[PDB]
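**Student:** sequence isn't available, so here's the structure alone:
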């Protein structure tokens, strides 16, 4: 139904506010904020949000505390100031999906429409994207297991509208822009193998742990498509792709003649001015 | 940007009446680094659009 | 904007709903927008300011105006009310006059000193902690990076073979299209050599053309890594 | 001793304490016993985005390099007209302290661009740096009339100059007047 | 066979199926007619080249070979990342 | 006056429409909620009342507020499903007391029990120790019976009840065509 979402950095900055207004208690749970956004277009667009006092129990996961009156009052006053945005979904800032989150989700599946869930991180030490849109849908399973609410990842992008760019860019003065050429290309080309390395190494090690030490339907079926597509690249023999390397290598030779020739043209004013300025300022110096 | 002043008459109180684009005719002292007597009347000048200080004489 | 616009039971109602959440903070000021006609404050503004400063002695007033503010700079200023009985003495007895060199950045030649009497301003600095810094930083770098990040690499590596070859030929067309101009230049340099009349430089553009041309070289090794493993 | 302390506190998130590593690393390292700290003082001077450590930078460089008057202004020469006004102003502090009590004209001949700029910072600390060198100096040795008269023209130019610039102007004028020429300073 | 001459021939198929070579074209046409396989063989002299099919059941030898080529791919990508990055960070950063 | 919060836990099983007792005594205890909430309103109108059931998936029907006018509405659409859940019925109110606005409002939770308790005595002593720990005034109101009313519920109360001077009271109602209303108005908890 929905292919992608758009989450503005304002709400994650309000998750910085989630970690601001704590007051140092010793709890630091997955504090839930009431996500607001635009379900109106087929794409989901988050503008802003707020948060609600939410408590679980230490031992019991299934005890969870929300408010309808706080939702209708904060959403009521927010709709009074801006009715162009409505309720859409929610989020917890914990790294882990609890068992209770189907029931916590179910309250906003009832009163709000089909609500989206966002897992983000309490400490932004993850190099990966912190935000993951998990659609709250029940899907029919091939094994015959009974149908339950299933959180499939909807792909996400983090974009800012107009002024959030200006304010963020004014606050940083540290980030550099697009800046094609040597640096912004070559830095992605520096850390890029580390970026698939920590992804893959972060996945296949504990994945391999859940191979031998795991049960309880880990989606054993998607391992077959998984390993299948992984064996759709069986270390290509390159024999047809040799001429492709002649092609990129011949384009490389074009970059050779352009670099050599054009830099050699830049040598002109250099190797004129080096003589004609120095010897004339010298010969009229005395 | 800034406007285009045209002085038609210089006033002796160092408050030069300058003919401006319609709804203009804004009498003002121009900037202190430029003298008044150099600004010849019936000639076009360079004037700021709010502060009404002269930049230079124009042909 | 008015003192009548301030609904006090709605104000204190939302305030108390913030109090039952994690916000036990008093109001520190009231702000608004003044689009188009400049950031200064009208008589309604100065009078409801005069009423709302009876409780808080500081009573900060801020005007955001992105309407004529460009997307390059987000210049905003917080404004102040002087006391009318301070007109006999010197105006602002503010110590530590270092930052006022930064406070002469509002130097528009009508509004600031055109309206600065009875009506002054205050400096603005920020704060950013490391969670905002690295969360917003990796948030913004990730806002310029990809998901698994290896995704759009081979795309442009192979648009070097599909699309950028056209931009390489057009690049050679702007190059050669300048070379027909630099064909005529050594006669000029073979005549005058004194003074420079052309604002066109012909060099740094072609350096940039080479920098865009080196994407082929930088992504060829990327193709070598993908072909490797 | 404090090398791991100050290098540890140099990676601080706090810009104030990042300045304080430099202010601290001055008095441990005075006497130019360290060609090490100049690397990271200049490296934080150019590299950092916040100008607090950047105008706070080169004063420790003067505090270590006070032994030689000659070697300082040649390597603050680019910093005389820097990118921002703040490295210009801290450079005016550095030429203020490295050349204080001396007669080196290599700071003095650089003041004539320093005395005229749209920024009141470099105009103020231009007069502050000008105040620290001309003390205990006779005219018959060295041609100082230019900086005498530009030092004198500000208290008549106080009508059309900045309010903080004139503060460092007449405040700089007391430095020649200090003690009725009898007392001075020495590093 | 995961790699190392993925290409095969009709003699193992017909030896698996005790069928003649007249019917193996009908057999691979039926196999493509189901749609579990996408493999199209560009041979003139008779060959059986294959593409995608779904494993769908289990294989512990492909669990272990999965760990083998998977870990191998991981240490190769790590090896090239360290390899480029060691001199690369020191000259570019 | 009396500054305290009131929490009620209501039965939604089908055991509340049984034709032996009152004709859907769900309505009768709903009117008991009406007379105790209006009586607390007459004593101290700023007392806040929250509303929740004892089902498997308990739902805060109304957040704690002194406005009982819409609580009158939320007492309807009762959804008569499920049987009982005891433990998270306790935990869903006693820890939800910490979200309250007035922190000077003392802790009082009652419960309307119309089903036999599914929890063993081992959980009864963990929860009775749990509530005697955090020191909440807990009045246990037990409607209907299949077995005897209080056998382990007695020692559940006595181990739940500390503070012998003016502590909590236990409500045990016998069978009777008389109402639940004036019969639970007989202790000091209504007053």
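**Tutor:** Alright, I've got the coordinates. Numbering: from 1, shown residues only, chains lettered A, B, ... in the order given.
**Student:** which parts of chain F are strands?
**Tutor:** Under the criterion DSSP state E, chain F contains strands at F:4-10, F:49-53, F:62-65, F:106-113, F:137-142, F:170-172.
**Student:** any idea of the angle the longest one forms with strand F:49-53?
**Tutor:** Angle, strand F:106-113 to strand F:49-53, by axes from the mean of the first three to the mean of the last three C-alpha atoms, to 10 degrees: 30 degrees.
**Student:** buried sites along strand F:106-113?
**Tutor:** F:107-113 (16 or more other C-beta atoms under 10 Å in any protein chain shown). (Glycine included, C-beta is placed from N, CA and C.)
**Student:** so which residues on chain B come close to chain C?
**Tutor:** B:48, B:50-51, B:53 (C-beta under 8 Å from any C-beta of the partner chain).
**Student:** and those residues, which are buried?
**Tutor:** For the residues of chain B next to chain C, a burial check counting by 16+ other C-beta under 10 Å picks out B:48, B:53.
**Student:** nearest to chain D, of the residues of chain B next to chain C?
**Tutor:** Among the residues of chain B next to chain C, residue B:53 lies closest to chain D (C-beta to the nearest C-beta), at 14.6 Å.
**Student:** tell me the contacts of residue 17?
**Tutor:** Since you didn't name a chain, this refers to chain A. Going by C-beta atoms under 8 Å, 6 or more residues apart in numbering or on different chains, residue A:17 touches residue A:51.
**Student:** can you look at chain D instead?
**Tutor:** By C-beta under 8 Å, 6+ apart, residue D:17 lies in contact with residue D:9.
**Student:** tell me the spacing between it and chain B.
**Tutor:** 44 Å (C-beta to the nearest C-beta, to the nearest Å).
**Student:** do residue A:252 as well
**Tutor:** From residue A:252 over to chain B (counting by C-beta to the nearest C-beta), the distance is 50 Å.
**Student:** check the gap between that residue and residue A:258 for me.
**Tutor:** As judged by C-beta to C-beta, to the nearest Å, residue A:252 and residue A:258 stand 11 Å apart.
**Student:** tell me which of these two has more neighbours.
**Tutor:** Set residue A:252 next to residue A:258 and count neighbours by other C-beta atoms under 10 Å in any protein chain shown: residue A:258 wins out with 20 against 15.
**Student:** what number of residues lie near the residue nearest to the more buried one when sequence neighbours are not counted?
**Tutor:** Leaving out its chain neighbours, the residue that sits closest to residue A:258 by C-beta to C-beta, 6 or more residues apart in numbering or on different chains is residue C:213, at 5.4 Å. Residues within reach of residue C:213, counting by other C-beta under 10 Å, total 22.
**Student:** quick one, phi psi at residue C:213?
**Tutor:** phi -80, psi -20 (degrees, to the nearest 10).
**Student:** which residues sit in contact with it?
**Tutor:** By C-beta under 8 Å, 6+ apart, the neighbours of residue C:213 are A:255, A:258-259, C:168, C:171.
**Student:** now residue D:159
**Tutor:** So residue D:159 contacts nothing (C-beta under 8 Å, 6+ apart).
**Student:** can I take it that residue C:222 is in a helix?
**Tutor:** Yes - applying DSSP: H, G, I helix; E, B strand; the rest coil, one finds residue C:222 inside a helix.
**Student:** wouldn't it be in contact with residue C:154 here?
**Tutor:** Yes - here residue C:222 reaches residue C:154: they are 7.2 Å apart, a contact under C-beta atoms under 8 Å.
**Student:** of all the residues of chain B next to chain C, which two lie farthest apart?
**Tutor:** B:50 and B:53 (9.5 Å; C-beta to C-beta).
**Student:** pull up the overlap in contacts between those two.
**Tutor:** In contact with both residue B:50 and residue B:53: residue C:109, using C-beta under 8 Å, 6+ apart.
**Student:** can you show me the strands along chain B?
**Tutor:** B:6-7, B:16-18, B:26-28, B:43-47, B:54-58.
**Student:** show the contacting residues for the residue in chain F that chain C sits nearest to.
**Tutor:** For chain F, the residue closest to chain C is residue F:101, as judged by C-beta to the nearest C-beta, at 4.8 Å. Contacts for residue F:101 (C-beta under 8 Å, 6+ apart) come out as C:16, C:20, F:48, F:64.
**Student:** for chain D, see how far away it is.
**Tutor:** 38 Å.
**Student:** quick check: phi and psi at that residue.
**Tutor:** phi -70, psi -60.
**Student:** residue A:274 too?
**Tutor:** phi -60, psi -40.
**Student:** what is the burial count for it?
**Tutor:** With other C-beta under 10 Å as criterion, residue A:274 counts 10.
**Student:** one step back: please report how far the residue of chain F closest to chain C lies from residue F:50.
**Tutor:** Separation of residue F:101 from residue F:50 (C-beta to C-beta): 12 Å.
**Student:** how about residue D:8?
**Tutor:** For residue D:8 relative to residue F:50 (C-beta to C-beta), the value is 53 Å.
**Student:** looking at those two, which is more packed in?
**Tutor:** Neighbours were counted for residue D:8 and for residue F:50 using other C-beta under 10 Å; residue F:50 has more, 24 against 11.
**Student:** skipping adjacent residues, who's closest to that one in space?
**Tutor:** residue F:64 (4.0 Å).
**Student:** OK, contacts around the residue lying closest to residue F:38 once chain neighbours are set aside?
**Tutor:** Excluding the flanking residues, the one nearest residue F:38 by C-beta to C-beta, 6+ apart is residue F:68, at 7.4 Å. Residue F:68 makes contacts with F:37-38, F:41, F:49, as judged by C-beta under 8 Å, 6+ apart.
**Student:** closest point of chain D to chain B, which residue?
**Tutor:** Scanning chain D for the residue nearest chain B gives residue D:160, at 7.8 Å (criterion: C-beta to the nearest C-beta).
**Student:** neighbours of the residue nearest to that residue when sequence neighbours are not counted, how many?
**Tutor:** Excluding the flanking residues, the one nearest residue D:160 by C-beta to C-beta, 6+ apart is residue B:32, at 7.8 Å. Using other C-beta under 10 Å, the number of residues around residue B:32 comes to 8.
**Student:** quick one, phi/psi of residue B:32?
**Tutor:** phi -80, psi -20.
**Student:** check contacts around the closest residue to chain B within chain C.
**Tutor:** Using C-beta to the nearest C-beta, the closest approach of chain C to chain B is made by residue C:109 at 3.8 Å. Applying C-beta under 8 Å, 6+ apart to residue C:109 gives the contacts B:48, B:50-51, B:53.
**Student:** ditto for residue F:22
**Tutor:** Contact analysis of residue F:22 by C-beta under 8 Å, 6+ apart lists F:28, F:177, F:179-180.
**Student:** turn those into TSV, including neighbour count.
**Tutor:** Below are the contacts of residue F:22 laid out as TSV (neighbours: other C-beta atoms under 10 Å in any protein chain shown):
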residue	neighbour count
F:28	17
F:177	6
F:179	16
F:180	20
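**Student:** in three-state terms, label the most centrally placed residue in chain C for me.
**Tutor:** Note on chain C: the residue nearest the mean C-alpha position is residue C:73, at 3.2 Å, using C-alpha atoms, centre = their mean. For residue C:73, the assignment made with three-state DSSP gives coil.
**Student:** how close does the closest residue to residue F:190 other than its chain neighbours sit to residue B:27?
**Tutor:** Nearest residue to residue F:190, sequence neighbours excluded (C-beta to C-beta, 6+ apart): residue F:36, at 5.7 Å. Using C-beta to C-beta, residue F:36 is found at 82 Å from residue B:27.
**Student:** what about the two, which has more around it?
**Tutor:** residue F:36 (20 against 13).
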